[PDB]
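Notes follow once the structure below has been shown.
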Amino acid sequence: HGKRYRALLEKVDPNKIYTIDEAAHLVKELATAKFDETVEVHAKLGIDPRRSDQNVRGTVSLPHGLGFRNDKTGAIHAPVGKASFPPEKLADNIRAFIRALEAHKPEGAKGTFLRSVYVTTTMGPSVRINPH
RNA sequence: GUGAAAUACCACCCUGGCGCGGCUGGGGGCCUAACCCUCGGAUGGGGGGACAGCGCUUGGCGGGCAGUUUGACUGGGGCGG
Ligand SMILES: [Mg+2]
Ligand SMILES: [Mg+2]
Ligand SMILES: [Mg+2]
Ligand SMILES: [Mg+2]
Ligand SMILES: [Mg+2]
Ligand SMILES: [Mg+2]
Ligand SMILES: [Mg+2]
Ligand SMILES: [Mg+2]
Ligand SMILES: [Mg+2]
Ligand SMILES: [Mg+2]
Ligand SMILES: [Mg+2]
Ligand SMILES: [Mg+2]
């Protein structure tokens with residue numbers, strides 16, 4: 001852990017829960033990268049991956065453009081693009097792919113479908129945030 | 001590049017571990033002051049001691065007791081059927 005991270009996670013809270021349009025203006029500032037950042041928001045998933053009847057995939061494309069699947073640990077990963085679009089074209093876009101993801105929920109998925117969501121980068125720290 | 005997986009700063013997760021803390025269940029030891037026993041004497045001393053005893057509750061063992069059941073046919077009834 002370098003010092004770019006020492007002022008990264010000192011400037012943001014994994015302690016305090018946040019919302020999605022509140023924390024989406026902080027997405028380009030908290031990446032100190034030397035180049036080429038791509039922003040990744042993540043969610044833990046409320047399904048049992050050992051049951052393949054609960055599995056999901058497809059190709060659905062973001063409104064903006066470049067520039068979703070469940071693994072055997074039952075969590076979520078997906079690229080939305082390249083750094084590109086600024087805070088207000090992201091907070092605008094930050095509700096776009098999530099609600100497009102909720103439409104894949106298998107029936108036998110027991111419990112809260114999106115367990116916890118931290119907005120982060122490939123370059124950046126943990127921020128408690130709400131998909132809402 | 002002879003394994004399909006890429007060996008970066010990252011979160012999101014699995015799996016176990018310890019670390020702190022929040023809620024916590026469980027054990028041991030010591031104490032005394034409730035409670036108990038005792039003390040020619042006591043607003044006290046000694047002994048036991050949060051046990052025991054007692055309340056409410058759980059499940060159990062339980063002829064020591066209680067209420068009862070223990071069929072009809074039948075060349076008498078039972079036995080047999
Ligand atoms: Mg003692
Ligand atoms: Mg005394
Ligand atoms: Mg005493
Ligand atoms: Mg007691
Ligand atoms: Mg009996
Ligand atoms: Mg009797
Ligand atoms: Mg009677
Ligand atoms: Mg008879
Ligand atoms: Mg006859
Ligand atoms: Mg006769
Ligand atoms: Mg007879
Ligand atoms: Mg008979």
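Just so we're on the same page: first chain in the structure tokens is A, next is B, and so on; residues restart at 1 for each chain, and ligands are numbered from 1 in the order they show up.
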
List all protein, DNA and RNA residues that have any atom at most 12 Å from ligand 2, counting only C-alpha atoms (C1' of nucleotides) and all ligand atoms, and write the list as a PDB file with N, CA, C and O atoms (P, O5', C5', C4', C3', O3' and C1' of nucleotides), in the first residue's frame.
```pdb
ATOM      1  P     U B  32     -13.726 -13.431  52.820  1.00  0.00           P
ATOM      2  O5'   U B  32     -15.133 -12.707  52.926  1.00  0.00           O
ATOM      3  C5'   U B  32     -15.276 -11.388  52.449  1.00  0.00           C
ATOM      4  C4'   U B  32     -16.717 -10.987  52.268  1.00  0.00           C
ATOM      5  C3'   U B  32     -17.683 -11.373  53.394  1.00  0.00           C
ATOM      6  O3'   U B  32     -18.619 -10.317  53.585  1.00  0.00           O
ATOM      7  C1'   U B  32     -18.498 -12.168  51.331  1.00  0.00           C
ATOM      8  P     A B  33     -18.875  -9.666  55.033  1.00  0.00           P
ATOM      9  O5'   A B  33     -20.297  -9.006  54.850  1.00  0.00           O
ATOM     10  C5'   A B  33     -21.435  -9.533  55.506  1.00  0.00           C
ATOM     11  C4'   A B  33     -22.614  -9.539  54.571  1.00  0.00           C
ATOM     12  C3'   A B  33     -22.992 -10.922  54.043  1.00  0.00           C
ATOM     13  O3'   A B  33     -24.406 -10.999  53.847  1.00  0.00           O
ATOM     14  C1'   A B  33     -22.458  -9.510  52.237  1.00  0.00           C
ATOM     15  P     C B  36     -32.002 -18.083  55.873  1.00  0.00           P
ATOM     16  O5'   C B  36     -30.999 -19.330  55.842  1.00  0.00           O
ATOM     17  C5'   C B  36     -31.430 -20.633  55.489  1.00  0.00           C
ATOM     18  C4'   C B  36     -30.323 -21.652  55.601  1.00  0.00           C
ATOM     19  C3'   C B  36     -29.764 -21.883  56.990  1.00  0.00           C
ATOM     20  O3'   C B  36     -30.571 -22.722  57.762  1.00  0.00           O
ATOM     21  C1'   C B  36     -27.987 -21.717  55.464  1.00  0.00           C
ATOM     22  P     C B  37     -30.707 -22.428  59.314  1.00  0.00           P
ATOM     23  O5'   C B  37     -29.384 -23.065  59.909  1.00  0.00           O
ATOM     24  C5'   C B  37     -29.211 -24.461  59.904  1.00  0.00           C
ATOM     25  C4'   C B  37     -27.811 -24.828  60.268  1.00  0.00           C
ATOM     26  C3'   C B  37     -27.366 -24.389  61.638  1.00  0.00           C
ATOM     27  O3'   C B  37     -27.844 -25.248  62.654  1.00  0.00           O
ATOM     28  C1'   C B  37     -25.723 -23.801  60.097  1.00  0.00           C
ATOM     29  P     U B  38     -28.196 -24.656  64.101  1.00  0.00           P
ATOM     30  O5'   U B  38     -26.779 -24.234  64.671  1.00  0.00           O
ATOM     31  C5'   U B  38     -25.860 -25.203  65.108  1.00  0.00           C
ATOM     32  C4'   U B  38     -24.535 -24.553  65.350  1.00  0.00           C
ATOM     33  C3'   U B  38     -24.473 -23.609  66.541  1.00  0.00           C
ATOM     34  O3'   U B  38     -24.161 -24.307  67.731  1.00  0.00           O
ATOM     35  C1'   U B  38     -23.522 -22.579  64.643  1.00  0.00           C
ATOM     36  P     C B  39     -24.747 -23.839  69.138  1.00  0.00           P
ATOM     37  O5'   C B  39     -23.691 -22.750  69.602  1.00  0.00           O
ATOM     38  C5'   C B  39     -22.299 -22.981  69.401  1.00  0.00           C
ATOM     39  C4'   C B  39     -21.497 -21.731  69.663  1.00  0.00           C
ATOM     40  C3'   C B  39     -22.033 -20.873  70.792  1.00  0.00           C
ATOM     41  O3'   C B  39     -21.541 -21.369  72.026  1.00  0.00           O
ATOM     42  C1'   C B  39     -21.448 -19.515  68.906  1.00  0.00           C
ATOM     43  P     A B  42     -22.843 -10.382  73.068  1.00  0.00           P
ATOM     44  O5'   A B  42     -23.860  -9.174  72.832  1.00  0.00           O
ATOM     45  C5'   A B  42     -25.009  -9.318  72.002  1.00  0.00           C
ATOM     46  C4'   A B  42     -24.602  -9.593  70.580  1.00  0.00           C
ATOM     47  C3'   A B  42     -25.641  -9.433  69.486  1.00  0.00           C
ATOM     48  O3'   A B  42     -25.833  -8.081  69.091  1.00  0.00           O
ATOM     49  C1'   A B  42     -24.441 -11.428  69.159  1.00  0.00           C
ATOM     50  P     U B  43     -26.952  -7.694  67.987  1.00  0.00           P
ATOM     51  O5'   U B  43     -26.127  -7.145  66.724  1.00  0.00           O
ATOM     52  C5'   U B  43     -26.752  -6.936  65.460  1.00  0.00           C
ATOM     53  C4'   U B  43     -26.292  -5.659  64.791  1.00  0.00           C
ATOM     54  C3'   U B  43     -24.807  -5.546  64.438  1.00  0.00           C
ATOM     55  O3'   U B  43     -24.584  -6.021  63.118  1.00  0.00           O
ATOM     56  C1'   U B  43     -25.731  -3.451  65.241  1.00  0.00           C
ATOM     57  P     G B  44     -23.445  -7.091  62.743  1.00  0.00           P
ATOM     58  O5'   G B  44     -22.597  -7.274  64.067  1.00  0.00           O
ATOM     59  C5'   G B  44     -21.254  -6.828  64.105  1.00  0.00           C
ATOM     60  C4'   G B  44     -20.438  -7.672  65.034  1.00  0.00           C
ATOM     61  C3'   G B  44     -19.852  -8.927  64.435  1.00  0.00           C
ATOM     62  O3'   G B  44     -18.665  -8.681  63.719  1.00  0.00           O
ATOM     63  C1'   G B  44     -20.893  -9.466  66.454  1.00  0.00           C
ATOM     64  P     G B  45     -18.186  -9.725  62.605  1.00  0.00           P
ATOM     65  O5'   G B  45     -17.768 -10.998  63.466  1.00  0.00           O
ATOM     66  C5'   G B  45     -16.671 -10.943  64.350  1.00  0.00           C
ATOM     67  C4'   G B  45     -16.428 -12.271  65.015  1.00  0.00           C
ATOM     68  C3'   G B  45     -16.322 -13.469  64.102  1.00  0.00           C
ATOM     69  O3'   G B  45     -15.091 -13.585  63.441  1.00  0.00           O
ATOM     70  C1'   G B  45     -17.687 -14.018  65.903  1.00  0.00           C
ATOM     71  P     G B  46     -15.145 -14.045  61.918  1.00  0.00           P
ATOM     72  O5'   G B  46     -15.310 -15.621  62.040  1.00  0.00           O
ATOM     73  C5'   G B  46     -14.408 -16.359  62.842  1.00  0.00           C
ATOM     74  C4'   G B  46     -14.896 -17.758  63.071  1.00  0.00           C
ATOM     75  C3'   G B  46     -15.290 -18.528  61.830  1.00  0.00           C
ATOM     76  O3'   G B  46     -14.163 -19.008  61.121  1.00  0.00           O
ATOM     77  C1'   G B  46     -16.961 -18.804  63.448  1.00  0.00           C
ATOM     78  P     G B  47     -14.181 -19.039  59.518  1.00  0.00           P
ATOM     79  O5'   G B  47     -15.210 -20.217  59.221  1.00  0.00           O
ATOM     80  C5'   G B  47     -14.897 -21.559  59.581  1.00  0.00           C
ATOM     81  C4'   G B  47     -16.023 -22.496  59.240  1.00  0.00           C
ATOM     82  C3'   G B  47     -16.558 -22.419  57.819  1.00  0.00           C
ATOM     83  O3'   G B  47     -15.746 -23.053  56.866  1.00  0.00           O
ATOM     84  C1'   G B  47     -18.365 -22.442  59.303  1.00  0.00           C
ATOM     85  P     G B  48     -15.627 -22.404  55.413  1.00  0.00           P
ATOM     86  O5'   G B  48     -16.953 -22.875  54.658  1.00  0.00           O
ATOM     87  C5'   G B  48     -17.402 -24.227  54.696  1.00  0.00           C
ATOM     88  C4'   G B  48     -18.816 -24.377  54.182  1.00  0.00           C
ATOM     89  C3'   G B  48     -19.109 -23.754  52.835  1.00  0.00           C
ATOM     90  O3'   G B  48     -18.660 -24.542  51.767  1.00  0.00           O
ATOM     91  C1'   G B  48     -20.862 -23.244  54.327  1.00  0.00           C
TER      92        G B  48
END
```

Inset, instruction - At a cut-off of 7 Å, list the chain B residues touching chain A, using only C-alpha atoms (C1' of nucleotides), as a ChimeraX atom specification. - result: /B:9-14

How would the residues just picked look written out with N, CA and C atoms (P, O5', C5', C4', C3', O3' and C1' of nucleotides) as a PDB file, in the first residue's frame?
```
ATOM      1  P     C B   9       0.940  -4.437  -6.340  1.00  0.00           P
ATOM      2  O5'   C B   9       0.150  -3.252  -5.619  1.00  0.00           O
ATOM      3  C5'   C B   9       0.765  -1.995  -5.374  1.00  0.00           C
ATOM      4  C4'   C B   9      -0.081  -0.863  -5.898  1.00  0.00           C
ATOM      5  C3'   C B   9      -1.496  -0.782  -5.347  1.00  0.00           C
ATOM      6  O3'   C B   9      -1.590  -0.197  -4.059  1.00  0.00           O
ATOM      7  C1'   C B   9      -1.586  -0.621  -7.688  1.00  0.00           C
ATOM      8  P     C B  10      -2.813  -0.618  -3.102  1.00  0.00           P
ATOM      9  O5'   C B  10      -3.919  -1.132  -4.135  1.00  0.00           O
ATOM     10  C5'   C B  10      -5.145  -1.709  -3.707  1.00  0.00           C
ATOM     11  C4'   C B  10      -6.249  -1.482  -4.715  1.00  0.00           C
ATOM     12  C3'   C B  10      -7.594  -2.102  -4.382  1.00  0.00           C
ATOM     13  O3'   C B  10      -8.316  -1.354  -3.424  1.00  0.00           O
ATOM     14  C1'   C B  10      -7.094  -2.442  -6.676  1.00  0.00           C
ATOM     15  P     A B  11      -8.409  -1.886  -1.914  1.00  0.00           P
ATOM     16  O5'   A B  11      -9.847  -1.412  -1.419  1.00  0.00           O
ATOM     17  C5'   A B  11     -10.864  -2.366  -1.158  1.00  0.00           C
ATOM     18  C4'   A B  11     -11.889  -2.403  -2.262  1.00  0.00           C
ATOM     19  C3'   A B  11     -12.871  -3.555  -2.199  1.00  0.00           C
ATOM     20  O3'   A B  11     -13.915  -3.315  -1.276  1.00  0.00           O
ATOM     21  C1'   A B  11     -12.062  -3.317  -4.414  1.00  0.00           C
ATOM     22  P     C B  12     -14.314  -4.442  -0.202  1.00  0.00           P
ATOM     23  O5'   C B  12     -15.543  -5.181  -0.892  1.00  0.00           O
ATOM     24  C5'   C B  12     -16.261  -4.560  -1.949  1.00  0.00           C
ATOM     25  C4'   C B  12     -16.696  -5.564  -2.981  1.00  0.00           C
ATOM     26  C3'   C B  12     -16.954  -6.958  -2.452  1.00  0.00           C
ATOM     27  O3'   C B  12     -18.197  -7.082  -1.800  1.00  0.00           O
ATOM     28  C1'   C B  12     -15.713  -7.090  -4.457  1.00  0.00           C
ATOM     29  P     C B  13     -18.276  -7.974  -0.477  1.00  0.00           P
ATOM     30  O5'   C B  13     -18.284  -9.462  -1.039  1.00  0.00           O
ATOM     31  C5'   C B  13     -17.586 -10.493  -0.364  1.00  0.00           C
ATOM     32  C4'   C B  13     -17.455 -11.724  -1.222  1.00  0.00           C
ATOM     33  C3'   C B  13     -16.870 -12.944  -0.527  1.00  0.00           C
ATOM     34  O3'   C B  13     -17.819 -13.674   0.228  1.00  0.00           O
ATOM     35  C1'   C B  13     -15.710 -12.591  -2.536  1.00  0.00           C
ATOM     36  P     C B  14     -17.366 -14.414   1.580  1.00  0.00           P
ATOM     37  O5'   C B  14     -16.741 -15.786   1.074  1.00  0.00           O
ATOM     38  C5'   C B  14     -17.470 -16.656   0.220  1.00  0.00           C
ATOM     39  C4'   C B  14     -16.599 -17.783  -0.275  1.00  0.00           C
ATOM     40  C3'   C B  14     -15.848 -18.554   0.800  1.00  0.00           C
ATOM     41  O3'   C B  14     -16.645 -19.553   1.409  1.00  0.00           O
ATOM     42  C1'   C B  14     -14.360 -17.983  -0.950  1.00  0.00           C
TER      43        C B  14
END
```

Would you mind listing, for every residue of chain B within 8 Å of ligand 1, the two atoms forming the shortest contact and the distance between them in Å to one decimal, using only C-alpha atoms (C1' of nucleotides) and all ligand atoms, sorted by chain and ascending residue number, as CSV?
```
residue,atom,partner,partner_atom_place_in_ligand_line,distance
B:30,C1',ligand 1,1 (Mg),6.6
B:31,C1',ligand 1,1 (Mg),6.8
B:49,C1',ligand 1,1 (Mg),7.2
```

Inset, instruction - For ligand 12, list the contacting residues at 8 Å or closer, counting only C-alpha atoms (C1' of nucleotides) and all ligand atoms, as a VMD selection string. - result: chain B and resid 78 to 80

Inset, instruction - Using backbone DSSP assignments, extract all alpha helix (DSSP H) residues from stretch 68-118 of chain A; output them as an MDAnalysis selection string. - result: chainID A and resid 87:90 96:102

Selection above as a file: N, CA and C atoms, as a PDB file, in the first residue's frame:
```
ATOM      1  N   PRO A  87     -17.487  12.755 -13.533  1.00  0.00           N
ATOM      2  CA  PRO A  87     -18.445  12.483 -12.441  1.00  0.00           C
ATOM      3  C   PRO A  87     -19.927  12.602 -12.790  1.00  0.00           C
ATOM      4  N   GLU A  88     -20.347  13.614 -13.557  1.00  0.00           N
ATOM      5  CA  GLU A  88     -21.778  13.800 -13.788  1.00  0.00           C
ATOM      6  C   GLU A  88     -22.327  12.943 -14.929  1.00  0.00           C
ATOM      7  N   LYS A  89     -21.464  12.392 -15.785  1.00  0.00           N
ATOM      8  CA  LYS A  89     -21.843  11.375 -16.762  1.00  0.00           C
ATOM      9  C   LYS A  89     -21.676   9.961 -16.218  1.00  0.00           C
ATOM     10  N   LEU A  90     -21.234   9.832 -14.964  1.00  0.00           N
ATOM     11  CA  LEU A  90     -21.123   8.562 -14.248  1.00  0.00           C
ATOM     12  C   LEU A  90     -22.243   8.410 -13.221  1.00  0.00           C
ATOM     13  N   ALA A  96     -27.438   2.924 -14.225  1.00  0.00           N
ATOM     14  CA  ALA A  96     -27.844   2.341 -15.500  1.00  0.00           C
ATOM     15  C   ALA A  96     -27.660   0.825 -15.533  1.00  0.00           C
ATOM     16  N   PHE A  97     -26.455   0.336 -15.219  1.00  0.00           N
ATOM     17  CA  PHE A  97     -26.177  -1.091 -15.372  1.00  0.00           C
ATOM     18  C   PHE A  97     -26.691  -1.920 -14.198  1.00  0.00           C
ATOM     19  N   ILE A  98     -26.780  -1.324 -13.006  1.00  0.00           N
ATOM     20  CA  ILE A  98     -27.209  -2.067 -11.818  1.00  0.00           C
ATOM     21  C   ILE A  98     -28.639  -2.569 -11.994  1.00  0.00           C
ATOM     22  N   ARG A  99     -29.575  -1.651 -12.276  1.00  0.00           N
ATOM     23  CA  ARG A  99     -30.971  -2.043 -12.458  1.00  0.00           C
ATOM     24  C   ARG A  99     -31.141  -2.933 -13.682  1.00  0.00           C
ATOM     25  N   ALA A 100     -30.243  -2.811 -14.664  1.00  0.00           N
ATOM     26  CA  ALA A 100     -30.191  -3.776 -15.756  1.00  0.00           C
ATOM     27  C   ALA A 100     -29.683  -5.130 -15.288  1.00  0.00           C
ATOM     28  N   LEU A 101     -28.958  -5.167 -14.169  1.00  0.00           N
ATOM     29  CA  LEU A 101     -28.512  -6.437 -13.614  1.00  0.00           C
ATOM     30  C   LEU A 101     -29.598  -7.107 -12.779  1.00  0.00           C
ATOM     31  N   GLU A 102     -30.375  -6.322 -12.024  1.00  0.00           N
ATOM     32  CA  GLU A 102     -31.404  -6.893 -11.158  1.00  0.00           C
ATOM     33  C   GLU A 102     -32.456  -7.676 -11.933  1.00  0.00           C
TER      34      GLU A 102
END
```

Inset, instruction - Could you tell me, counting only C-alpha atoms (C1' of nucleotides) and all ligand atoms, which protein and nucleic acid residues lie no more than 12 Å from ligand 10, written as number ranges by chain? - result: B: 74-77

Could you give me, as a PDB file with N, CA, C and O atoms (P, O5', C5', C4', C3', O3' and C1' of nucleotides), in the first residue's frame, every polymer residue with an atom at most 12 Å away from an atom of ligand 6, counting only C-alpha atoms (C1' of nucleotides) and all ligand atoms?
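As written to disk, selection.pdb reads:
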```pdb
ATOM      1  P     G B  63     -43.256 -47.955  39.172  1.00  0.00           P
ATOM      2  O5'   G B  63     -44.479 -48.459  40.035  1.00  0.00           O
ATOM      3  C5'   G B  63     -44.248 -49.365  41.086  1.00  0.00           C
ATOM      4  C4'   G B  63     -45.408 -49.376  42.023  1.00  0.00           C
ATOM      5  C3'   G B  63     -45.749 -50.744  42.591  1.00  0.00           C
ATOM      6  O3'   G B  63     -45.950 -50.629  44.000  1.00  0.00           O
ATOM      7  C1'   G B  63     -47.662 -49.764  41.610  1.00  0.00           C
ATOM      8  P     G B  64     -44.697 -50.425  44.988  1.00  0.00           P
ATOM      9  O5'   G B  64     -45.377 -49.770  46.266  1.00  0.00           O
ATOM     10  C5'   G B  64     -44.588 -49.208  47.312  1.00  0.00           C
ATOM     11  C4'   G B  64     -45.148 -47.881  47.720  1.00  0.00           C
ATOM     12  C3'   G B  64     -46.606 -47.694  47.392  1.00  0.00           C
ATOM     13  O3'   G B  64     -47.423 -48.324  48.355  1.00  0.00           O
ATOM     14  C1'   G B  64     -45.383 -45.754  46.815  1.00  0.00           C
ATOM     15  P     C B  65     -48.961 -48.663  48.037  1.00  0.00           P
ATOM     16  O5'   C B  65     -49.548 -47.243  47.650  1.00  0.00           O
ATOM     17  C5'   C B  65     -50.818 -46.855  48.097  1.00  0.00           C
ATOM     18  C4'   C B  65     -51.101 -45.472  47.624  1.00  0.00           C
ATOM     19  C3'   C B  65     -52.277 -45.397  46.689  1.00  0.00           C
ATOM     20  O3'   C B  65     -53.450 -45.231  47.424  1.00  0.00           O
ATOM     21  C1'   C B  65     -50.442 -44.196  45.775  1.00  0.00           C
ATOM     22  P     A B  66     -54.702 -46.119  47.061  1.00  0.00           P
ATOM     23  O5'   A B  66     -55.220 -45.322  45.808  1.00  0.00           O
ATOM     24  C5'   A B  66     -55.609 -43.978  45.972  1.00  0.00           C
ATOM     25  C4'   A B  66     -55.996 -43.360  44.667  1.00  0.00           C
ATOM     26  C3'   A B  66     -56.912 -44.153  43.767  1.00  0.00           C
ATOM     27  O3'   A B  66     -58.244 -44.051  44.177  1.00  0.00           O
ATOM     28  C1'   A B  66     -55.216 -43.161  42.501  1.00  0.00           C
ATOM     29  P     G B  67     -59.235 -45.272  43.932  1.00  0.00           P
ATOM     30  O5'   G B  67     -59.727 -44.966  42.461  1.00  0.00           O
ATOM     31  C5'   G B  67     -60.426 -43.787  42.176  1.00  0.00           C
ATOM     32  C4'   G B  67     -60.410 -43.539  40.708  1.00  0.00           C
ATOM     33  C3'   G B  67     -61.042 -44.619  39.861  1.00  0.00           C
ATOM     34  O3'   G B  67     -62.425 -44.411  39.769  1.00  0.00           O
ATOM     35  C1'   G B  67     -58.963 -44.002  38.957  1.00  0.00           C
ATOM     36  P     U B  68     -63.407 -45.638  39.610  1.00  0.00           P
ATOM     37  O5'   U B  68     -63.274 -46.012  38.050  1.00  0.00           O
ATOM     38  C5'   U B  68     -63.111 -47.367  37.615  1.00  0.00           C
ATOM     39  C4'   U B  68     -62.314 -47.437  36.342  1.00  0.00           C
ATOM     40  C3'   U B  68     -62.251 -48.762  35.610  1.00  0.00           C
ATOM     41  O3'   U B  68     -63.415 -48.930  34.823  1.00  0.00           O
ATOM     42  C1'   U B  68     -60.115 -47.743  35.616  1.00  0.00           C
ATOM     43  P     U B  69     -64.016 -50.374  34.454  1.00  0.00           P
ATOM     44  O5'   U B  69     -63.095 -50.867  33.233  1.00  0.00           O
ATOM     45  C5'   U B  69     -62.962 -50.027  32.069  1.00  0.00           C
ATOM     46  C4'   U B  69     -61.945 -50.547  31.110  1.00  0.00           C
ATOM     47  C3'   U B  69     -61.962 -52.060  30.964  1.00  0.00           C
ATOM     48  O3'   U B  69     -62.942 -52.503  30.051  1.00  0.00           O
ATOM     49  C1'   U B  69     -59.738 -51.333  31.330  1.00  0.00           C
TER      50        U B  69
END
```

Inset, instruction - Rounded to one decimal place, report the atom CA of residue A:62-atom CA of residue A:80 distance in Å. - result: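 Distance between the two atoms: 6.5 Å.
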